[PDB]
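Step one of this worksheet: look at the structure below.
Values below: all heavy atoms of this structure, side chains included; hydrogens, waters and symmetry mates excluded. Numbers here simply count residues along the sequence, with the first being 1. All ligand and atom numbering here is 1-based and tracks the order in the structure.
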Amino acid sequence: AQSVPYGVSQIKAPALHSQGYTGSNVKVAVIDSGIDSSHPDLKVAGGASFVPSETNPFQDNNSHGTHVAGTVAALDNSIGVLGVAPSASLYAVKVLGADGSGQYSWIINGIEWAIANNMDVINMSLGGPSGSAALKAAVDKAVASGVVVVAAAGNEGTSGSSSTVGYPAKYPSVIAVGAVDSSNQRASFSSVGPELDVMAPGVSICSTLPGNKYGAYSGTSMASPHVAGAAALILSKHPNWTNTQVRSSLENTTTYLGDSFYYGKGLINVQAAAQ
Ligand SMILES: [Ca+2]
Ligand SMILES: [Ca+2]
């Protein structure tokens, strides 16, 4: 029996699935710790690894990558869970090792690979407190080339009156995603700031884990894939839409929750976004 995680229903993806919009032929790159391609509920189309000591991108020694992937595209079948865009062409771009960290050059190299291989959407459930001219250059190049770039806002919470949104989420070209729970309330760990763009479910998110398992995790990392998948559904319905049109639609059809410093434009509604 297959279970639909609350987050998928909360952003109204199932509505599009029933109309036949499930993200087919849309290439999504999960820049992360790799994806367990042997998972029964996932179908990885390709990828690459830029982690010198972990050359197989289809082997996830952390579990973060596979979990994020499950939210983006777990298969619509009779087992496990259901992704936001279950027909999406999932790519494993391994830039984080078994411990969950990665050097910025590995991350950047992964972004470059994604651009060169024409990914339609890039998901980055990662980030740090500092940026680099090289980091900004890679994400800005992606967008100029028509790629939709989504990134977790961070899990720094509030801090006086200043932004805690991390990089690359902080760059204007990158969509920054914070997390809310099932009640649409902001998760205390969610980063805040004028850079926040939109919110998506990010608490107790059930998804795939390596070794044919399932578990729930909480983090803006779990929030991000919901919007990456959202963009993919919009593109399956509107293949001619550019990345800036896909973003404006997601940003302009949100359910307003409080102040934008904390909730950005609000929770995404993929049904309304897809028009
Ligand atoms: Ca499934
Ligand atoms: Ca941004």
If you stand at the Ca ion (ligand 2) and look out to O of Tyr171 and O of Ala169, what angle do those two lines make, to 10°?
100°

Can you confirm whether the side chains of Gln185 and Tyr263 place a donor and an acceptor under 3.5 Å from each other?
yes

Near the Ca ion (ligand 1), which protein N/O/S atoms fall under 3.0 Å?
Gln2 OE1, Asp41 OD1, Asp41 OD2, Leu75 O, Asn77 OD1, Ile79 O, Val81 O

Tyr167 vs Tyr171 aromatic rings, parallel, tilted or perpendicular, using cut-offs 30° and 60°?
tilted

Verify side-chain hydrogen bond (donor to acceptor under 3.5 Å, both in side chains) between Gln275 and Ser249, making sure each step is shown before the conclusion.
CA-CA 9 Å; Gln275 274 141 72; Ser249 197; 2.8 Å; yes

For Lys265, is the NZ atom crowded, meaning more than 12 foreign heavy atoms sit under 6.0 Å from it?
yes

Let me know which of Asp36, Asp60, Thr208 forms a side-chain hydrogen bond (donor to acceptor under 3.5 Å, both in side chains) with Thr66.
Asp60

Decide, counting backbone as well as side-chain atoms, whether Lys170 has an N, O or S atom less than 3.0 Å from the Ca ion (ligand 2).
no

Considering only heavy atoms from C-beta outward, does the side chain of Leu96 approach that of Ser101 to under 4.5 Å?
no

Just so I know, are the side chains of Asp120 and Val147 near enough to count as touching, which here means a heavy-atom distance under 4.5 Å?
no

